[PDB]
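Enquirer: Below is one structure. I have some questions about it.
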Amino acid sequence: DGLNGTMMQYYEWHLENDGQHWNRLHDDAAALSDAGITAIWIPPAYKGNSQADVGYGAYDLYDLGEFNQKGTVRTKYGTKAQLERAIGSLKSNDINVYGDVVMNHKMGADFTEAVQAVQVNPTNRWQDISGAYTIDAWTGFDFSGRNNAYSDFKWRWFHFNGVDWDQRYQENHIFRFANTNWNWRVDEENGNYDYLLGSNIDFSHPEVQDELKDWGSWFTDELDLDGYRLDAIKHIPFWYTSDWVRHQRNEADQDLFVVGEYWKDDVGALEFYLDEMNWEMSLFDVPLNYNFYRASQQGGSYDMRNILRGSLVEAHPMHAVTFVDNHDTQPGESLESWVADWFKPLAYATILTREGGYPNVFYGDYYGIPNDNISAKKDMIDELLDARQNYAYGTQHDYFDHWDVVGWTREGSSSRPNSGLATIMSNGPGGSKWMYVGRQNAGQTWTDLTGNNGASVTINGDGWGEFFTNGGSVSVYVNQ
Ligand code: NA
Ligand code: NA
Ligand code: NA
């Protein structure tokens with residue numbers, strides 16, 4: 001229908017482990033759709049190492065909070081039945097469902113096995129730093145409580161090629177199983193970045209290749225997914241992710257949107273990865289996340305003309321999923337690069353009102369993060385979502401021509417009456433800027449949807465208007 005698409009990551013790292021999240025998502029469906037959310041990215045929905053696991057310490061991909069394993073039936077988010085009910089609600093409310101997919105490793109093995117392994121250089125996994133010797137690694141998975149439902153596949157050490165914990169001498173080291181190779185090709189930071197955490201899956205084995213492809217199809221069909229969020233893909237052999245994606249699209253009738261999480265503040269690396277994927281998916285705009293972080297951290301001295309420089313959205317807008325923060329970047333987490341409250345509005349306006357990129361709203365920003373006394377930004381975000389949903393249409397014009405004051409416009413499209421907007425912001429002292437919003441909007445008087453500026457901007461005969469912004473603020477003018 002031409003409507004702009006907006007994704008929302010429906011969770012934050014410190015969410016309460018009350019098992020009521022799927023129920024919350026179910027009840028929130030109508031409100032989310034009305035607000036402008038068109039797709040929901042659910043966290044890993046399968047059994048993790050423990051009930052409180054956020055989902056990345058993935059134990060059993062076939063247990064969606066249905067079997068008593070790892071000390072619980074439900075996952076941190078709820079039961080399988082509640083999840084399916086939530087998805088049903090999202091579907092009836094015209095919201096796509098993307099499932100987080102964790103296939104890089106497994107955790108919470110039921111038992112250890114004796115394995116010959118060598119210690120490697122943490123900063124160069126290609127380099128062994130010890131001779132081979134026997135360690136006890138958590139590689140045995142029997143999925144007892146599942147009783148082979150859906151799949152009788154069992155994991156053993158020979159399905160993996162590394163771990164970072166030896167249970168025998170109880171020490172942390174980056175271990176490569178003797179006689180096994182690190183996956184390839186993978187990111188090259190640390191020489192070979194195949195290993196990240198837990199028991200690292202070795203995709204050189206056909207049985208592993210087929211198991212995850214079959215699980216993928218089972219998962220897709222079980223939850224009637226509309227796409228996936230691929231976890232830690234820079235650590236998974238590129239050739240396999242591509243095969244896996246092609247396999248799923250082949251097995252599923254519905255379209256499948258795919259966004260990969262290749263975590264690197266390097267647009268070149270992300271473009272190379274997309275090349276390897278034949279551009280068959282989009283990637284989170286990690287460089288842009290760091291651009292926002294750099295600006296938030298530096299303060300007003302940050303030159304706004306560079307805010308989009310080096311970002312994926314700047315180079316391949318149609319293959320970039322833009323975001324401001326996520327469960328990994330929030331305070332105290334592994335990829336911390338949190339955008340402070342003062343800059344956050346500007347960052348969200350940037351990903352929500354521009355034509356390029358598939359923007360994602362963070363649950364933590366939307367509803368807040370009580371754990372860190374971070375307020376819900378729903379008020380501000382809803383206004384930007386309103387702008388995106390009803391006004392961000394038509395030919396765009398950019399004005400990243402000042403170190404403090406930058407902005408852009410959208411002429412709007414005939415198909416969508418009254419559409420059109422002018423976004424202007426400043427990370428330092430306030431200011432103004434003449435911008436072209438389209439001669440077809442001549443004579444209109446636009447006002448700030450955010451309420452941050454009371455100026456009424458009347459579009460002149462040539463389609464130009466002078467928009468104003470206060471300092472460290474953002475305004476989005478529309479014909480309302
Ligand atoms: Na890996
Ligand atoms: Na961030
Ligand atoms: Na500045």
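To be explicit about the labels: the chains of the structure tokens are called A, B, and onward in the order shown, and within each one the residues are counted from 1, while ligands get numbers from 1 in the order they are shown.
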Excluding residue 15 of chain A and any residue of its chain fewer than 3 positions from it, enumerate the residues within 8 Å of it, using only C-alpha atoms, and give them as a ChimeraX atom specification.

Expert: /A:11-12,369

Enquirer: Within 12 Å of ligand 2 (counting only C-alpha atoms and all ligand atoms), which residues show up? I'd like them as a PyMOL selection string.

Expert: chain A and resi 265+284-297+322-331+333-341+343-344+347-348+360-362+364-365

Enquirer: For the selection you just gave me, I'd like the residues written to a file as a CSV table (one decimal), in the first residue's frame, keeping C-alpha atoms.

Expert:
```csv
chain,number,residue,atom,x,y,z
A,265,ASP,CA,32.0,-0.5,12.7
A,284,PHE,CA,22.0,-3.8,10.7
A,285,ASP,CA,23.7,-0.4,10.1
A,286,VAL,CA,26.4,-0.9,12.7
A,287,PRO,CA,28.6,2.0,11.5
A,288,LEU,CA,25.6,4.4,11.8
A,289,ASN,CA,25.0,3.1,15.4
A,290,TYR,CA,28.6,4.1,16.1
A,291,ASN,CA,28.2,7.4,14.3
A,292,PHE,CA,25.3,8.2,16.6
A,293,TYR,CA,27.3,7.0,19.6
A,294,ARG,CA,30.3,9.1,18.6
A,295,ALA,CA,28.1,12.2,18.3
A,296,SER,CA,26.3,11.5,21.6
A,297,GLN,CA,29.6,11.1,23.4
A,322,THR,CA,19.0,1.3,10.7
A,323,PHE,CA,18.7,1.6,14.5
A,324,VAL,CA,19.9,3.8,17.4
A,325,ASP,CA,20.3,1.2,20.2
A,326,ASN,CA,19.6,-2.5,21.0
A,327,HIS,CA,20.0,-5.1,23.8
A,328,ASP,CA,23.8,-5.2,23.2
A,329,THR,CA,24.4,-1.5,23.1
A,330,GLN,CA,22.4,-0.5,26.2
A,331,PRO,CA,24.3,0.3,29.4
A,333,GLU,CA,26.2,-4.8,27.9
A,334,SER,CA,28.8,-6.3,25.6
A,335,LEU,CA,28.5,-3.8,22.7
A,336,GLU,CA,27.8,-0.7,24.8
A,337,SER,CA,27.5,2.3,22.6
A,338,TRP,CA,24.5,4.0,24.1
A,339,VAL,CA,23.0,7.2,22.7
A,340,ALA,CA,22.2,9.5,25.6
A,341,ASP,CA,18.7,11.0,25.9
A,343,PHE,CA,20.9,13.0,21.3
A,344,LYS,CA,18.4,10.1,20.9
A,347,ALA,CA,19.1,9.9,15.9
A,348,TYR,CA,15.6,8.5,15.7
A,360,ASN,CA,14.1,-0.3,13.8
A,361,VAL,CA,12.6,1.0,17.1
A,362,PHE,CA,14.2,-0.3,20.3
A,364,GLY,CA,14.3,-0.2,25.6
A,365,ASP,CA,13.9,3.3,24.2
```

Enquirer: Considering only C-alpha atoms, return as number ranges by chain whatever protein or nucleic-acid residues lie within 10 Å of residue 118 of chain A, sequence-local ones (same chain, fewer than 5 positions apart) excluded.

Expert: A: 127-135, 162, 173-179

Enquirer: Atom CA of residue 190 of chain A and atom CA of residue 126 of chain A are how many Å apart?

Expert: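 Answer for the atom CA of residue 190 of chain A to atom CA of residue 126 of chain A separation: 8.4 Å.
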
Enquirer: Collect all residues with atoms no farther than 10 Å from ligand 3, counting only C-alpha atoms and all ligand atoms, and output them as an NGL selection string.

Expert: :A and (295 or 298-307 or 402-406 or 426-429 or 471-472)

Enquirer: Go ahead and write the residues just picked, N, CA, C and O atoms, as a PDB file, in the first residue's frame.

Expert:
```pdb
ATOM      1  N   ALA A 295      28.680  10.888  18.169  1.00  0.00           N
ATOM      2  CA  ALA A 295      28.077  12.212  18.306  1.00  0.00           C
ATOM      3  C   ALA A 295      27.551  12.437  19.727  1.00  0.00           C
ATOM      4  O   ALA A 295      27.773  13.489  20.327  1.00  0.00           O
ATOM      5  N   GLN A 298      30.688  12.793  22.034  1.00  0.00           N
ATOM      6  CA  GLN A 298      31.482  13.992  21.815  1.00  0.00           C
ATOM      7  C   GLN A 298      30.796  15.277  22.245  1.00  0.00           C
ATOM      8  O   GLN A 298      31.435  16.173  22.790  1.00  0.00           O
ATOM      9  N   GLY A 299      29.497  15.368  21.998  1.00  0.00           N
ATOM     10  CA  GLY A 299      28.773  16.575  22.346  1.00  0.00           C
ATOM     11  C   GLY A 299      28.564  17.439  21.113  1.00  0.00           C
ATOM     12  O   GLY A 299      28.783  16.985  19.990  1.00  0.00           O
ATOM     13  N   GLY A 300      28.159  18.686  21.326  1.00  0.00           N
ATOM     14  CA  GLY A 300      27.901  19.605  20.228  1.00  0.00           C
ATOM     15  C   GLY A 300      29.035  19.894  19.254  1.00  0.00           C
ATOM     16  O   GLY A 300      28.783  20.331  18.129  1.00  0.00           O
ATOM     17  N   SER A 301      30.276  19.668  19.669  1.00  0.00           N
ATOM     18  CA  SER A 301      31.420  19.921  18.802  1.00  0.00           C
ATOM     19  C   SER A 301      31.429  18.963  17.610  1.00  0.00           C
ATOM     20  O   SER A 301      32.103  19.211  16.607  1.00  0.00           O
ATOM     21  N   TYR A 302      30.686  17.867  17.728  1.00  0.00           N
ATOM     22  CA  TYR A 302      30.607  16.883  16.655  1.00  0.00           C
ATOM     23  C   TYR A 302      30.065  17.558  15.394  1.00  0.00           C
ATOM     24  O   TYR A 302      29.024  18.211  15.440  1.00  0.00           O
ATOM     25  N   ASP A 303      30.765  17.388  14.277  1.00  0.00           N
ATOM     26  CA  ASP A 303      30.354  17.986  13.002  1.00  0.00           C
ATOM     27  C   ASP A 303      29.231  17.162  12.379  1.00  0.00           C
ATOM     28  O   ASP A 303      29.476  16.094  11.815  1.00  0.00           O
ATOM     29  N   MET A 304      28.005  17.666  12.477  1.00  0.00           N
ATOM     30  CA  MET A 304      26.837  16.968  11.949  1.00  0.00           C
ATOM     31  C   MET A 304      26.867  16.645  10.457  1.00  0.00           C
ATOM     32  O   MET A 304      26.080  15.825   9.980  1.00  0.00           O
ATOM     33  N   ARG A 305      27.761  17.285   9.715  1.00  0.00           N
ATOM     34  CA  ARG A 305      27.852  17.013   8.287  1.00  0.00           C
ATOM     35  C   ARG A 305      28.367  15.593   8.055  1.00  0.00           C
ATOM     36  O   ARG A 305      28.226  15.050   6.962  1.00  0.00           O
ATOM     37  N   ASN A 306      28.942  14.989   9.095  1.00  0.00           N
ATOM     38  CA  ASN A 306      29.485  13.630   9.006  1.00  0.00           C
ATOM     39  C   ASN A 306      28.602  12.561   9.663  1.00  0.00           C
ATOM     40  O   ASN A 306      28.972  11.388   9.695  1.00  0.00           O
ATOM     41  N   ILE A 307      27.445  12.953  10.183  1.00  0.00           N
ATOM     42  CA  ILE A 307      26.580  12.006  10.876  1.00  0.00           C
ATOM     43  C   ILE A 307      26.257  10.715  10.111  1.00  0.00           C
ATOM     44  O   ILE A 307      26.190   9.638  10.706  1.00  0.00           O
ATOM     45  N   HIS A 402      26.050  22.109   7.492  1.00  0.00           N
ATOM     46  CA  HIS A 402      26.511  22.914   8.622  1.00  0.00           C
ATOM     47  C   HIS A 402      26.937  21.979   9.756  1.00  0.00           C
ATOM     48  O   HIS A 402      26.365  20.901   9.922  1.00  0.00           O
ATOM     49  N   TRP A 403      27.945  22.389  10.521  1.00  0.00           N
ATOM     50  CA  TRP A 403      28.458  21.570  11.618  1.00  0.00           C
ATOM     51  C   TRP A 403      27.460  21.335  12.750  1.00  0.00           C
ATOM     52  O   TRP A 403      27.571  20.349  13.476  1.00  0.00           O
ATOM     53  N   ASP A 404      26.485  22.229  12.896  1.00  0.00           N
ATOM     54  CA  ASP A 404      25.473  22.079  13.937  1.00  0.00           C
ATOM     55  C   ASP A 404      24.099  21.802  13.348  1.00  0.00           C
ATOM     56  O   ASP A 404      23.446  20.819  13.695  1.00  0.00           O
ATOM     57  N   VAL A 405      23.672  22.682  12.450  1.00  0.00           N
ATOM     58  CA  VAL A 405      22.351  22.592  11.847  1.00  0.00           C
ATOM     59  C   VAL A 405      22.281  21.851  10.517  1.00  0.00           C
ATOM     60  O   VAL A 405      22.844  22.289   9.512  1.00  0.00           O
ATOM     61  N   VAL A 406      21.585  20.718  10.528  1.00  0.00           N
ATOM     62  CA  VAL A 406      21.398  19.918   9.326  1.00  0.00           C
ATOM     63  C   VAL A 406      19.928  19.543   9.250  1.00  0.00           C
ATOM     64  O   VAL A 406      19.208  19.593  10.252  1.00  0.00           O
ATOM     65  N   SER A 426      19.759  20.316  15.335  1.00  0.00           N
ATOM     66  CA  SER A 426      21.058  20.880  15.666  1.00  0.00           C
ATOM     67  C   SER A 426      21.592  20.197  16.922  1.00  0.00           C
ATOM     68  O   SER A 426      20.863  20.015  17.891  1.00  0.00           O
ATOM     69  N   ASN A 427      22.863  19.811  16.902  1.00  0.00           N
ATOM     70  CA  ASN A 427      23.452  19.161  18.065  1.00  0.00           C
ATOM     71  C   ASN A 427      24.207  20.206  18.886  1.00  0.00           C
ATOM     72  O   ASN A 427      24.913  19.877  19.837  1.00  0.00           O
ATOM     73  N   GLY A 428      24.046  21.471  18.501  1.00  0.00           N
ATOM     74  CA  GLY A 428      24.689  22.570  19.203  1.00  0.00           C
ATOM     75  C   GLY A 428      23.708  23.726  19.276  1.00  0.00           C
ATOM     76  O   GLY A 428      22.500  23.504  19.391  1.00  0.00           O
ATOM     77  N   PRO A 429      24.186  24.979  19.232  1.00  0.00           N
ATOM     78  CA  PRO A 429      23.250  26.105  19.291  1.00  0.00           C
ATOM     79  C   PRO A 429      22.196  25.983  18.186  1.00  0.00           C
ATOM     80  O   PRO A 429      22.458  25.408  17.122  1.00  0.00           O
ATOM     81  N   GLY A 471      18.527  24.661  20.069  1.00  0.00           N
ATOM     82  CA  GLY A 471      19.760  23.915  20.240  1.00  0.00           C
ATOM     83  C   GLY A 471      19.564  22.519  20.801  1.00  0.00           C
ATOM     84  O   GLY A 471      18.633  22.291  21.575  1.00  0.00           O
ATOM     85  N   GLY A 472      20.445  21.592  20.416  1.00  0.00           N
ATOM     86  CA  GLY A 472      20.358  20.219  20.891  1.00  0.00           C
ATOM     87  C   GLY A 472      18.937  19.710  20.799  1.00  0.00           C
ATOM     88  O   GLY A 472      18.415  19.115  21.742  1.00  0.00           O
TER      89      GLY A 472
END
```

Enquirer: Taking only C-alpha atoms into account, which of A:108, A:55, A:356, A:345 comes nearest residue 70 of chain A?

Expert: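 Using only C-alpha atoms, the shortest distance to residue 70 of chain A belongs to A:108.
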
Enquirer: Check which residues fall inside 6 Å of ligand 1 when counting only C-alpha atoms and all ligand atoms, and print them as a PyMOL selection string.

Expert: chain A and resi 104+194-195+200+235-236

Enquirer: Can you spit out the residues from that selection as a compact mmCIF listing (two decimals), in the first residue's frame, using N, CA, C and O atoms?

Expert:
```
# COMPACT_ATOMS: atom_id res chain seq x y z
N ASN A 104 25.25 -19.82 15.64
CA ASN A 104 26.70 -19.77 15.72
C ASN A 104 27.28 -20.75 16.74
O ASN A 104 28.38 -21.27 16.55
N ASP A 194 35.95 -17.01 14.00
CA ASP A 194 34.94 -18.07 14.03
C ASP A 194 34.42 -18.20 15.46
O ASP A 194 33.21 -18.19 15.70
N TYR A 195 35.34 -18.29 16.42
CA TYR A 195 34.95 -18.44 17.81
C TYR A 195 34.57 -17.14 18.51
O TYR A 195 35.29 -16.14 18.42
N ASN A 200 31.34 -23.69 19.82
CA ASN A 200 31.30 -23.21 18.45
C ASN A 200 31.01 -24.30 17.41
O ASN A 200 31.79 -25.23 17.25
N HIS A 235 30.59 -14.39 12.60
CA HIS A 235 31.32 -15.53 13.18
C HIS A 235 30.93 -16.86 12.54
O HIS A 235 31.51 -17.90 12.85
N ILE A 236 29.94 -16.81 11.65
CA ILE A 236 29.44 -18.00 10.96
C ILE A 236 29.98 -17.97 9.52
O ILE A 236 29.93 -16.93 8.86
```

Enquirer: Which of these, A:342, A:399, A:141, A:193, has the shortest distance to residue 156 of chain A once you count only C-alpha atoms?

Expert: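 Looking at the shortest contact to residue 156 of chain A, the residue is A:141.
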
Enquirer: Step one, run DSSP on the backbone; step two, keep only residues of segment 139-365 of chain A assigned to strand (DSSP E); then write them as an NGL selection string.

Expert: :A and (139-140 or 160-166 or 171-177 or 199-201 or 227-230 or 257-260 or 282-284 or 320-321 or 360-362)

Enquirer: Would you pick out the contacts of segment 36-41 of chain A at 6 Å or less, using only C-alpha atoms, so that residues sharing its chain but fewer than 6 positions from it are not included, and give the list as a ChimeraX atom specification?

Expert: /A:5-9,95-99,385,389
